[PDB]
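Read the structure below first, then the notes.
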Amino acid sequence: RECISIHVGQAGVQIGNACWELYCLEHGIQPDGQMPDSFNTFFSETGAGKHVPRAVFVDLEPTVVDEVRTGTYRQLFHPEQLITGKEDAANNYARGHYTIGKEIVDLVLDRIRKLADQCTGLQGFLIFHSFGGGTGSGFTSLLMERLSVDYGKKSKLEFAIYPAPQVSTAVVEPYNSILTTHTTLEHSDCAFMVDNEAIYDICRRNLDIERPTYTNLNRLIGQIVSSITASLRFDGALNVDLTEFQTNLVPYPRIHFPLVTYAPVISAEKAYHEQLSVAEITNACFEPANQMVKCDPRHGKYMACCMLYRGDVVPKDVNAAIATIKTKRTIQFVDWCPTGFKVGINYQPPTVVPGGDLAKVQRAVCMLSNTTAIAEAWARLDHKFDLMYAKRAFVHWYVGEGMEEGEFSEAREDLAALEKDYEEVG
Amino acid sequence: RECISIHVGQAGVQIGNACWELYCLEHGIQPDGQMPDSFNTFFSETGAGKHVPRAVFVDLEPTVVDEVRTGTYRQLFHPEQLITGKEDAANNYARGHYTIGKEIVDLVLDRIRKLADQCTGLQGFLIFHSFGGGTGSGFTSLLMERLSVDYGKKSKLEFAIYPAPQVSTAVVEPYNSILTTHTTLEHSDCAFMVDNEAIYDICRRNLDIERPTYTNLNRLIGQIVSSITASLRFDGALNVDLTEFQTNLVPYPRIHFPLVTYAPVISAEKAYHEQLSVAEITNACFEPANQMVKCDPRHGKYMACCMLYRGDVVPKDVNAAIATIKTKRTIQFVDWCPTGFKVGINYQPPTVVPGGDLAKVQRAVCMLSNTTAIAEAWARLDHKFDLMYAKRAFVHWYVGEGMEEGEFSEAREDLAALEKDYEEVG
Amino acid sequence: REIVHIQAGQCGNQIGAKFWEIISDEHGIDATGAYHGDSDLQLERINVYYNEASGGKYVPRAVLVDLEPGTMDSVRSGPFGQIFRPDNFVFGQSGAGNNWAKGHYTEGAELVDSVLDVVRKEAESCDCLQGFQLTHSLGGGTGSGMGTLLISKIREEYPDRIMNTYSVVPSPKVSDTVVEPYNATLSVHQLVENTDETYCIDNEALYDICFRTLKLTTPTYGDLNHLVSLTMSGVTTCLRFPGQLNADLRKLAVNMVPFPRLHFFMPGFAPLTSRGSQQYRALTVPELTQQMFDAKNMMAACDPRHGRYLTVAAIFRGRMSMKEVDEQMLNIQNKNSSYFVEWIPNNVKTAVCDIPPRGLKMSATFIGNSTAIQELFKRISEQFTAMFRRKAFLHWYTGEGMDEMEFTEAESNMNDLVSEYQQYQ
Amino acid sequence: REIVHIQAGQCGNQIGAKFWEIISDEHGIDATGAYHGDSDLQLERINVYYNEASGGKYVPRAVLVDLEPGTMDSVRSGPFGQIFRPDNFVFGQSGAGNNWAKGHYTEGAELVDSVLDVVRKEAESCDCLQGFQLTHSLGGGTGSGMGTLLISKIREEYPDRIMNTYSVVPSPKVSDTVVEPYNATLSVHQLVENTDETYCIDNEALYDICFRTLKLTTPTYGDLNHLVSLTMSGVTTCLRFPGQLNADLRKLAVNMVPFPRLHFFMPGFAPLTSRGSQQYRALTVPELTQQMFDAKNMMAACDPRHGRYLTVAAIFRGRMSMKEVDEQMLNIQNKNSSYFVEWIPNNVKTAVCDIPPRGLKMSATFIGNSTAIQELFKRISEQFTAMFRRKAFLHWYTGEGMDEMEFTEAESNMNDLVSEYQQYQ
Ligand SMILES: Nc1nc2c(ncn2[C@@H]2O[C@H](COP(=O)(O)OP(=O)(O)OP(=O)(O)O)[C@@H](O)[C@H]2O)c(=O)[nH]1
Ligand SMILES: Nc1nc2c(ncn2[C@@H]2O[C@H](COP(=O)(O)OP(=O)(O)OP(=O)(O)O)[C@@H](O)[C@H]2O)c(=O)[nH]1
Ligand SMILES: Nc1nc2c(ncn2[C@@H]2O[C@H](COP(=O)(O)OP(=O)(O)O)[C@@H](O)[C@H]2O)c(=O)[nH]1
Ligand SMILES: Nc1nc2c(ncn2[C@@H]2O[C@H](COP(=O)(O)OP(=O)(O)O)[C@@H](O)[C@H]2O)c(=O)[nH]1
Ligand SMILES: [Mg+2]
Ligand SMILES: [Mg+2]
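Chains as they are written, first to last, in UniProt numbering: chain P, 2 to 37, 47 to 436; chain X, 2 to 37, 47 to 436; chain Y, 2 to 426; chain F, 2 to 426.
See below:
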């Protein structure tokens with residue numbers, strides 16, 4: 002069982018940076034690549059006492075990849091796995107797909123084949139990127155178009171960051187976050203959606219940190235990715251696989267946008283007072299004040315959710331805790347789904363990173379619900395992009411790069427159809 | 002078998018603080034939270059060597075809660091349980107119920123549901139508040155309106171402080187202490203009343219100390235609370251329960267205002283000369299010079315009362331001591347009360363607190379009598395409020411906050427009826 | 002010919018615990034179910050109260066019920082606590098709060114299935130039993146509430162076999178609860194019809210016996226339950242040991258109850274003497290017999306001198322002579338011809354057993370059905386008549402669905418019962 | 002008369018792991034194939050699950066199956082893991098992902114050749130065998146997909162022998178997977194015809210037995226698999242030890258399966274007692290028999306009191322008395338005449354073995370064929386009609402080519418099965 006992770010853009014490299022420090026500590030592997047087993051899913055051996063990851067770093071700017079080349083973790087990554095450009099996308103989807111997309115897309119696609127050669131039972135790829143900028147919108151969408159043709163059946167996972175409705179940092183964000191919607195919809199088997207504001211609220215209220223900067227927000231994302239793949243790396247009472255996961259969750263081909271949430275997240279001092287048991291944590295995952303994207307499940311009806319516990323858990327009570335929520339009419343599920351839970355229980359406790367904002371725990375829960383509440387995160391956005399295109403602002407920048415005037419028609423017609431599907435199933 | 006306490010206003014942190022020093026000493030639980047059983051009706055366990063109280067501290071000003079946050083007893087209470095506001099009520103029942111209350115009433119009510127999740131056989135809540143201020147009059151009345159709907163049949167006990175007729179510190183006290191009468195009447199299962207000045211005479215004469223300040227007066231109230239719930243927490247010859255208590259006491263739904271008193275309270279040096287036997291400490295309870303609220307039972311007829319003896323007492327003489335008083339025509343009972351004594355004997359002696367003003371006893375008594383003397387405490391203060399409202403003074407302050415002009419009409423019409431009921435039964 | 006045991010309420014267990022402490026002593030059963038006796042007569046009729054288990058151990062045939070868990074721990078943790086089988090420990094979780102309404106309708110309806118499953122199990126194990134025996138108090142909420150419900154359901158299952166209850170009916174001078182009259186009157190409406198035999202005990206009197214006759218300065222509930230246990234133990238000694246003349250539970254019922262409603266009895270025991278005054282007595286039947294009918298040692302709140310005896314029974318234990326027992330019962334009837342009903346000659350029934358009480362030579366028990374019980378009921382009723390008139394405390398019970406017809410028939414049927422005793426007086 | 006073992010899926014292994022741990026202790030085999038027993042009766046019929054190897058060692062007649070490699074490491078490294086021959090571990094590399102479609106068509110088509118080569122080897126080695134037994138769970142993808150395929154292929158090769166399946170059928174109250182109803186429906190279309198004797202077990206009822214009767218506070222899969230294995234070990238006691246009356250597999254099938262389609266059973270075992278309450282029981286047959294028929298102790302989610310038993314069988318172990326077995330069989334039948342079919346006189350099959358379970362004097366197993374299984378099937382199918390009507394999750398299965406006739410055929414014949422139970426109730 003083999004898996005390879007791809008990081009795109011500044012956002013991808015930052016999120017990728019936090020993960021690969023996390024993975025090393027999990028398996029006791031030094032930054033030099035020696036271990037003072048089961049790590050082969052992510053790591054490759056070289057003779058004796060050398061471990062190198064199955065990573066590729068992709069970027070169109072030298073500056074934010076020149077950081078990893080000099081940082082503490084320079085000696086882990088194989089030098090040519092780590093690719094840079096010479097001119098940026100200048101926050102354009104138009105330059106991302108067409109003008110600068112085709113000048114590096116071949117170089118990395120050559121390396122994927124070298125990395126896909128050591129694999130023996132390959133599951134799929136892990137993609138980290140964001141919908142804000144031009145590099146991670148145009149170039150990333152270019153890889154899924156190339157990867158889908160070449161491999162076909164085996165699944166691809168990507169972890170997107172959606173632009174906020176209110177707290178956003180760029181000017182032209184709606185243009186790219188609408189044009190990406192085509193390639194995510196027809197070329198991603200399960201698409202994970204994460205927002206930037208909701209990470210802050212979790213930091214303010216639950217985690218009690220005054221000033222969350224980008225160091226902490228990435229460390230929260232790293233914990234989720236470790237939790238999903240802990241089923242491959244370890245063994246426990248009940249096991250859930252990535253192919254086993256897709257079947258239970260995604261109900262129709264057009265609906266693969268799970269919402270993620272994690273528990274427990276708690277401060278160092280607040281850990282001593284509360285008793286963290288299975289029956290109480292599983293209730294926290296369903297709190298609308300803990301969801302990772304600003305949606306209210308109170309207006310949505312669930313049809314799937316997955317519970318992934320790790321640590322000291324027994325299936326006797328997990329039966330009762332799930333049945334407890336089944337009795338609540340506050341939390342609503344679809345009528346044609348009499349049972350709607352997938353349970354996976356693992357035996358290895360989660361590992362806390364030094365320099366982080368989490369306290370050592372015996373149990374942890376990760377929840378993945380495929381709810382229809384998310385329909386608002388796109389319909390609310392599409393008003394912004396529709397507001398822009400009435401007067402055709404900024405369009406002169408994109409037109410000169412090659413894409414035509416109706417390209418936005420498919421951009422909204424694709425999104426218009428997708429909101430209907432969440433209605434029809436709704 | 003669970004019980005949860007709520008402290009509201011300054012008067013709550015006043016009284017509530019002294020109780021939780023007392024409770025910890027009773028159960029051998031050090032301020033750090035560890036015990037170097048039966049304590050589960052008030053405390054919660056977390057893993058190993060950690061107990062925290064089942065309490066919520068409520069306040070609408072920052073000053074009087076920052077005192078517990080820094081004091082010796084900071085390590086017991088969970089940080090979320092200590093709730094403060096930003097602007098205090100400024101002696102407005104108008105602001106308390108309507109303007110400033112509604113912006114915090116939701117926050118705590120979320121935690122009451124969190125604290126009521128761990129209960130398995132919950133009996134009810136204990137509320138510590140006073141009719142003097144505006145915070146504990148308006149906001150507290152807001153909780154009982156919310157709590158009553160959410161639970162219904164569960165019993166709620168509140169420990170009120172009534173304003174003294176002469177020894178009082180505010181100017182508009184009758185305005186608050188009349189408008190609270192509605193919510194206590196229809197939304198409290200049993201309402202204890204105590205005045206502040208009467209605690210002085212008991213402290214002046216019996217205790218023989220010069221200057222009673224608010225530290226000592228709370229310690230008297232703390233002992234009454236512990237005595238009632240010592241039946242829930244321990245085991246003895248004959249037992250009385252909280253629900254079993256109200257059946258013996260409250261004769262009609264409209265009449266639930268018992269008077270309280272305690273025996274013995276004694277100094278250190280006067281403790282050596284008296285022999286403390288069962289026979290007379292049951293006679294000290296009916297001394298009208300020892301009653302805890304300034305009323306004369308000589309003008310009223312007892313229609314119920316309850317005794318709670320703790321220590322080394324036996325049922326043989328308790329019947330004799332009760333039989334002795336029944337022969338007195340000085341102490342009068344109603345014709346339809348051939349017997350009116352419910353007794354509960356408990357085996358565990360009361361515990362003395364260091365820094366207090368009481369000496370060790372082997373036995374002690376708590377008396378709760380539902381008498382008709384208390385009619386004078388309302389109809390005689392109702393003249394004060396009526397004297398104010400002739401010239402319509404101070405009304406401009408409350409009118410602008412939302413309540414209308416006739417709100418006082420119900421305030422007197424309700425109180426006129428409640429005094430009328432005490433006439434009919436009398 | 003065997004008996005099963007039912008105990009209800011906090012009152013029943015403390016009564017019930019002492020019964021098993023002394024009766025294990027008679028049969029030699031240790032605190033761990035073993036056997037260490039001498040007389041083979043212990044093992045001849047052992048199975049009347051015990052059922053054998055593997056490994057040479059015996060456990061009692063008791064079905065112990067409760068409605069709060071607080072009183073459960075003490076009986077388990079006390080002396081002779083491990084004797085009982087854990088499955089028989091049946092208890093609720095909420096409590097009754099001194100309510101008959103909750104004890105019958107709201108809370109007893111849910112625990113009724115659990116216990117009735119167990120008493121059905123103990124009924125099948127025994128080959129041929131005759132009766133169930135129940136100990137409870139007639140003043141509380143659970144004891145009156147559930148004890149009524151079990152008796153109603155148990156009876157219709159077995160209308161042919163005998164039933165015993167050993168109730169404690171309250172007294173005014175040691176009154177303890179504000180709502181006592183409501184409890185007693187509503188409960189008695191059943192025992193007039195749904196039980197075969199009823200023993201009445203007044204908690205007031207057990208103090209009079211401990212001050213005066215036995216010289217006690219500190220009567221705790223340890224000692225009062227001691228007095229009652231020796232009465233219940235004594236009635237069924239014929240079933241467990243041989244004798245010249247025999248009388249079992251069914252024999253007494255026919256010979257003492259003249260009419261179906263007149264089955265409210267009046268206990269008594271002798272000798273009862275202080276530990277310092279006991280070297281200054283004889284050891285002979287005449288001293289035992291006079292102390293029997295003495296109006297000062299009887300164990301309820303009545304004076305029999307206010308009426309005439311219908312019938313009695315006197316059960317003697319020890320090696321005795323049969324003329325002496327009968328020559329004396331005629332002496333009292335001839336000497337005291339005023340205090341006995343005239344149209345039933347020779348009202349006294351007799352029985353003698355062989356095995357004496359441990360540590361003694363002789364003893365006796367008195368079960369005498371009198372016409373003086375009619376005052377125990379109007380005295381309690383007078384408490385109630387001043388209560389329901391003004392509807393005091395009434396709404397608490399009315400919340401569960403009772404109707405004023407239930408109180409009116411509660412008053413009427415007590416007047417129905419009182420009239421019966423005065424006409425046959 | 003020896004019988005080979007097949008066990009499939011992740012679930013089948015832990016059920017299969019405990020079987021070989023228990024049965025080695027029964028036959029005295031150590032963890033390395035050595036023998037250290039005492040009774041020569043162990044070696045009289047040893048070859049029923051074991052075959053002889055060089056050096057005085059025995060290795061089991063186990064054929065072990067899997068479709069993912071993770072569960073292999075646990076069983077190989079666990080206690081009594083080295084008993085198995087390495088060639089017997091037959092497992093794939095990809096996985097099923099909870100699909101019946103992949104388990105029968107895509108992944109079962111390739112790995113089926115490897116296992117059938119091994120089971121063909123076990124058949125020629127043995128001289129004269131009677132059956133195969135398979136343990137699997139009916140909710141998952143591999144166990145349902147591969148298990149149903151092997152049963153089809155095995156049956157065609159050997160139509161003349163008896164076949165056993167010990168299945169686990171899921172329940173809504175303990176539901177764990179969003180696609181459980183699709184798995185349970187698609188499989189049973191074939192067990193209605195391609196197996197001769199089928200046992201149904203619910204994970205829901207296993208939790209009832211461990212909570213209530215056994216007083217277990219933490220039921221893990223270590224304990225639940227303990228309960229099932231004692232049932233498997235009990236059915237084949239007559240094959241391995243002598244007794245007054247004998248009953249092998251063919252004797253049960255003829256006597257207790259009335260019609261060809263009515264072969265879905267309900268386990269039940271007794272005694273099941275806690276480690277604290279075991280000192281308070283007797284050692285006698287009557288206490289065993291009354292526990293078998295208890296609606297509270299049976300091993301599925303059915304109440305037999307909702308229907309009438311067709312036939313039963315009770316298998317006893319220990320030195321016993323032959324009247325005490327058959328005399329109590331009529332006590333149940335006449336005293337409970339309502340719960341048994343009227344036109345089948347003396348519905349009960351009997352058998353007694355000699356050698357008791359280790360550490361015990363007596364035990365027994367109940368296999369009762371009831372008409373109450375008719376409720377287990379509409380309860381599952383109702384789950385399925387609420388989903389397939391709106392075509393949820395259907396695209397995952399349709400990618401492998403199944404047609405809606407397959408679902409309708411699944412629904413029609415399950416209605417055909419449910420119909421057959423109602424008229425003969
Ligand atoms: N977690 C995390 N998110 C980031 C970080 N930097 C930027 N973002 C998010 O990314 C969005 C901006 O688009 P980018 O992902 O930075 O685009 P880019 O990676 O710079 O690629 P270019 O358009 O070619 O410059 C912002 O809305 C941020 O929310 C980071 O360091 N960590
Ligand atoms: N026992 C006791 N009583 C106190 C104490 N402090 C104040 N009181 C009583 O409280 C009354 C004053 O009204 P409060 O209840 O304090 O009003 P508040 O709690 O400050 O609420 P606000 O009106 O919103 O400010 C006085 O009449 C005192 O009798 C104390 O420390 N101990
Ligand atoms: N004789 C006797 N009476 C008792 C004892 N303990 C309690 N009682 C009586 O029981 C009455 C109260 O009934 P109670 O036990 O509370 O009924 P419950 O509600 O079912 O527990 C009191 O009036 C006591 O007189 C005891 O040990 N012996
Ligand atoms: N009785 C029992 N059931 C189990 C055990 N392990 C898993 N199961 C059940 O098996 C069912 C699904 O089996 P599954 O894991 O899909 O088998 P697979 O398809 O071969 O992987 C679940 O509903 C579990 O309840 C066990 O050890 N004992
Ligand atoms: Mg960039
Ligand atoms: Mg204040």
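Idealized CB from N, CA, C, for every residue including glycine.
Is residue j closer than 8 Å to residue i when the C-beta atoms are compared?
i, j, result
"residue 371 of chain P", "residue 274 of chain P", "yes"
"residue 254 of chain F", "residue 197 of chain F", "yes"
"residue 346 of chain Y", "residue 318 of chain Y", "no"
"residue 259 of chain P", "residue 316 of chain P", "yes"
"residue 302 of chain P", "residue 205 of chain P", "yes"
"residue 383 of chain X", "residue 306 of chain X", "yes"
"residue 4 of chain Y", "residue 50 of chain Y", "yes"
"residue 378 of chain F", "residue 415 of chain F", "yes"
In whole angstroms, give me the CA-to-CA distance for residue i and residue j.
i, j, result
"residue 358 of chain X", "residue 47 of chain X", "15 Å"
"residue 294 of chain F", "residue 92 of chain Y", "27 Å"
"residue 74 of chain Y", "residue 11 of chain Y", "11 Å"
"residue 174 of chain F", "residue 380 of chain F", "11 Å"
What whole-angstrom Cβ distance do residue i and residue j have, given they're in contact under 8 Å?
i, j, result
"residue 301 of chain F", "residue 206 of chain F", "5 Å"
"residue 13 of chain Y", "residue 136 of chain Y", "5 Å"
"residue 166 of chain P", "residue 198 of chain P", "6 Å"
"residue 187 of chain P", "residue 23 of chain P", "Wrong, their Cβ atoms sit about 28 Å apart, outside the cutoff."
"residue 100 of chain F", "residue 142 of chain F", "5 Å"
Could you tell me if the beta carbon of residue i falls within a distance shorter than 7 Å of some heavy atom in ligand 7?
i, result
"residue 72 of chain X", "As presented, the structure is devoid of ligand 7, carrying ligand 1, ligand 2, ligand 3, ligand 4, ligand 5 and ligand 6 as its sole ligands."
Problem set entry | Chain-ordered list of residues that sit, by beta carbon, closer than 5 Å to a heavy atom of ligand 3 | Y:10, Y:11, Y:12, Y:15, Y:138, Y:140, Y:141, Y:142, Y:143, Y:144, Y:177, Y:204, Y:222, Y:225 and Y:226
Exercise. Going along the stretch 51–62 of chain X in order, which residues come within less than 8 Å of chain P, judged by CB to CB distance?
Worked result: 54, 55, 56, 57, 60 and 62
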